[PDB]
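Chemist: in their complex positions, the first chains:
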Amino acid sequence: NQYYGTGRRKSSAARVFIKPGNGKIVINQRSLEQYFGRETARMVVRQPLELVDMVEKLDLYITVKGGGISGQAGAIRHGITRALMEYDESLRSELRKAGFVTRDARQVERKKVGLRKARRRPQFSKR
């Protein structure tokens, strides 16, 4: 019965499963409060649920790999959104409005020869 959505953001890759239940979130066999020490991360993972009143209605099992914390959180959120879409298919519009269906395609820009970074040019001088 369990529904599913893949999450991806920066170099993170979340695997969100939605099930009907009480609303307990497990991320890599750890609680939401344990895994994400950051409040912002927590908020981002809860955002979609908050938007469509199904926080108490459904449990979700997650496993996430790659990236840092914020990126991971984003990925998770994306996955959740996907799952929701799969599951209801009538909440899509709301999600779209929110801006959660959109895969955030922003990757880190590669370092470029000549430059110290993606865009930082070295210090110039006429003399």
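Modeler: Here it is on my side, so go on. Numbering: from 1, shown residues only, chains lettered A, B, ... in the order given.
Chemist: neighbours of the closest residue to residue A:115 other than its chain neighbours, how many?
Modeler: Once flanking residues are discounted, residue A:115 sits nearest to residue A:121: 5.5 Å by C-beta to C-beta, 6 or more residues apart in numbering. (Each C-beta comes from the backbone N, C-alpha and C, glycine too.) When neighbours are counted by other C-beta atoms under 10 Å, residue A:121 registers 10.
Chemist: touching, residue A:121 and residue A:113? I think so.
Modeler: No. Residue A:121 lies out of contact with residue A:113 (C-beta atoms under 8 Å); the separation is 11.9 Å.
Chemist: and residue A:13, how far is that from residue A:58?
Modeler: Distance, residue A:13 to residue A:58, by C-beta to C-beta, to the nearest Å: 22 Å.
Chemist: equivalent analysis for residue A:93, please.
Modeler: 20 Å.
Chemist: what about these two, which has more around it?
Modeler: Legend: neighbour count by other C-beta under 10 Å for residue A:93 and residue A:58, higher for residue A:58 (20 against 9).
Chemist: show me what that one is bridged to.
Modeler: residue A:20 (DSSP bridges).
Chemist: check contacts around it.
Modeler: Residues near residue A:58 by C-beta atoms under 8 Å, 6 or more residues apart in numbering: A:18, A:19, A:20, A:21, A:23.
Chemist: swap in residue A:54?
Modeler: residue A:84.
Chemist: how far does the helix of greatest length in chain A sit from the chain's center?
Modeler: For chain A, the helix that runs over the most residues, judged by DSSP state H, is helix A:70-87. Using C-alpha atoms, centre = their mean, to the nearest Å, the distance from the centre of helix A:70-87 to the centre of the chain it belongs to is 5 Å.
Chemist: got the buried residues for that helix?
Modeler: A:70-85, A:87 (16 or more other C-beta atoms under 10 Å).
Chemist: could you do stretch A:24-43 as well?
Modeler: Neighbour count says stretch A:24-43 has A:25, A:26, A:27, A:32, A:35, A:36, A:41, A:42 buried, by 16+ other C-beta under 10 Å.
Chemist: then add chain B to what we have above:
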Amino acid sequence: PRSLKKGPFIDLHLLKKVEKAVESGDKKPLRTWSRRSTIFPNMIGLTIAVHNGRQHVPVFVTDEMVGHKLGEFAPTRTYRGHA
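Modeler: Okay, chain B now, added to the rest:
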């Protein structure tokens, strides 16, 4: 500095020369290029003209010079002053 397990460094030829000198009991200066050679207890008393790149500069060895190397007492560069 060199590892303690490896021991001190002295050029073989130099060492031989020193030994010869000791045997003789002579005090004529031994001209040498081995600046990298460490000074030894048996070398005390001997004059040993160490190369500085250009010329051999005489170094009368003393009790205080033992742990040091021969190149320490034969300065290569020759700076007097800018004015």
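Chemist: so, the contacts of residue A:54 revisited with chain B in the model?
Modeler: residue A:84 (C-beta atoms under 8 Å, 6 or more residues apart in numbering or on different chains).
Chemist: looks to me like it is in a strand.
Modeler: No. Assignment of residue A:54 by DSSP: H, G, I helix; E, B strand; the rest coil gives coil, placing it outside any strand.
Chemist: which phi and psi does it have?
Modeler: phi -140, psi 40 (degrees, to the nearest 10).
Chemist: residues touching residue 69, list them.
Modeler: If you meant another chain, say so; for now it's chain A. A:36, A:37, A:38, A:41.
Chemist: looking at chain B here, not the other one
Modeler: Contact partners of residue B:69, counting by C-beta under 8 Å, 6+ apart, are B:35, B:36, B:37, B:38, B:39.
Chemist: buried members of the residues you listed into PyMOL, please.
Modeler: A single PyMOL command selects the buried members of the contacts of residue B:69 (16 or more other C-beta atoms under 10 Å in any protein chain shown):
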select buried, chain B and resi 35+37+38+39
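Chemist: coming back round to it: out of the contacts of residue A:69, which two sit at the greatest distance?
Modeler: The span of the contacts of residue A:69, defined through C-beta to C-beta, is set by A:37 and A:41 at 7.9 Å.
Chemist: buried ones in stretch A:88-96?
Modeler: For stretch A:88-96, by 16+ other C-beta under 10 Å, it's A:91, A:95.
Chemist: next, format the contacts of residue A:69 as TSV and append distance to residue B:57 and secondary structure.
Modeler: Below are the contacts of residue A:69 laid out as TSV (distance: C-beta to C-beta, whole Å; DSSP: H, G, I helix; E, B strand; the rest coil):
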residue	distance to residue B:57	secondary structure
A:36	73	coil
A:37	70	coil
A:38	71	coil
A:41	73	helix
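Chemist: of all those residues, which comes closest to residue A:105?
Modeler: Distances from residue A:105 to the contacts of residue A:69, taken by C-beta to C-beta, are shortest for residue A:41, at 20.4 Å.
Chemist: mind listing what the nearest residue to that closest one once chain neighbours are set aside touches?
Modeler: Nearest non-adjacent residue to residue A:41, counting by C-beta to C-beta, 6 or more residues apart in numbering or on different chains: residue A:73, 3.9 Å away. Contacts of residue A:73 were listed using C-beta under 8 Å, 6+ apart, and they are A:36, A:38, A:40, A:41, A:42, A:44, A:45.
Chemist: also put chain C in, sequence below:
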Amino acid sequence: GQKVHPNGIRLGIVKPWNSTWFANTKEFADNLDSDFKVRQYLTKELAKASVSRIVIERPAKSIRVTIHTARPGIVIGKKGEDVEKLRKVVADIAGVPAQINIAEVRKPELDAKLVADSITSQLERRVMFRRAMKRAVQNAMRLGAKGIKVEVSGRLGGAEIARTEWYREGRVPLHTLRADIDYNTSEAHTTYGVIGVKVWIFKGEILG
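Modeler: With chain C now in place:
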């Protein structure tokens, strides 16, 4: 040094490689060296024979050479006399069993390298460079090149001040990756100095 090499930019798409083998980091450099040697030897030997492309391909501790030449008859000589001779020397150079194949180049006026070589030869034997260039261009056009460019540079007519001159005809798109641009180069070691000859020959675009 503005321009990218036309062969080099297209190796993944429309142009293939010359040396075609796999090797681990251990044996790769050695292999490369061997290739360089054999190729050098071949160039030295088959100068009078019009040779365009040596393609080396080594599977299973055995070297397979493929010589693309306009006239096989002079490279082969008598049937399996010259080729055979070449083979053993190739093997020696490599240090493995050798196998020489000889591909016959249809239309040597459309092969760029060959054209370049011809031009160089002409220069060496004291012709008007310009007339040679014209001939090169014209001939290719006649043969059915979608376009051709040739360029010659330095000490032209033994002049003190060096310069470059070039003749284009038809279309020669270099920015277009899918264009089959046969590019190649040569050098005329004249009495006044070297004269470098470049030539681009556009066969046509590949669709895939």
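Chemist: once more on the buried residues of helix A:70-87, with chain C this time?
Modeler: In terms of neighbour count (16+ other C-beta under 10 Å), helix A:70-87 has its buried residues at A:70-85, A:87.
Chemist: ok, how many other residues are close to the residue nearest to residue C:111 when sequence neighbours are not counted?
Modeler: Nearest non-adjacent residue to residue C:111, counting by C-beta to C-beta, 6+ apart: residue C:52, 4.9 Å away. Residue C:52 has 20 neighbours, counted by other C-beta atoms under 10 Å in any protein chain shown.
Chemist: ok, then the element right after whichever strand or helix holds residue C:52?
Modeler: Per DSSP states H and E: residue C:52 is located in strand C:51-57. Following strand C:51-57 in sequence order, the next helix or strand is strand C:63-69 (DSSP H and E).
Chemist: give the other helices and strands that that next one contacts.
Modeler: helix C:28-45, strand C:51-57, helix C:82-94, strand C:98-104 (3 or more C-beta pairs under 8 Å, 6 or more residues apart in numbering or on different chains; DSSP states H and E).
Chemist: and those as JSON lines, adding distance to residue C:3?
Modeler: Output for these, formatted as JSON lines (distance: least, C-beta to C-beta, whole Å):
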{"stretch": "helix C:28-45", "distance to residue C:3": "24"}
{"stretch": "strand C:51-57", "distance to residue C:3": "22"}
{"stretch": "helix C:82-94", "distance to residue C:3": "34"}
{"stretch": "strand C:98-104", "distance to residue C:3": "29"}
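Chemist: now do the end-to-end distance for stretch B:28-41.
Modeler: 18 Å (C-alpha to C-alpha, to the nearest Å).
Chemist: now the helices for chain A?
Modeler: Counting by DSSP H, one finds helices in chain A at the ranges A:32-35, A:39-51, A:70-87, A:92-98.
Chemist: you'd agree residue C:200 is in a strand?
Modeler: Yes. Under the criterion used here (three-state DSSP), residue C:200 sits inside a strand.
Chemist: tally of neighbours for it?
Modeler: 22.
Chemist: and if you look at residue C:85?
Modeler: Neighbours around residue C:85, by other C-beta under 10 Å: 13.
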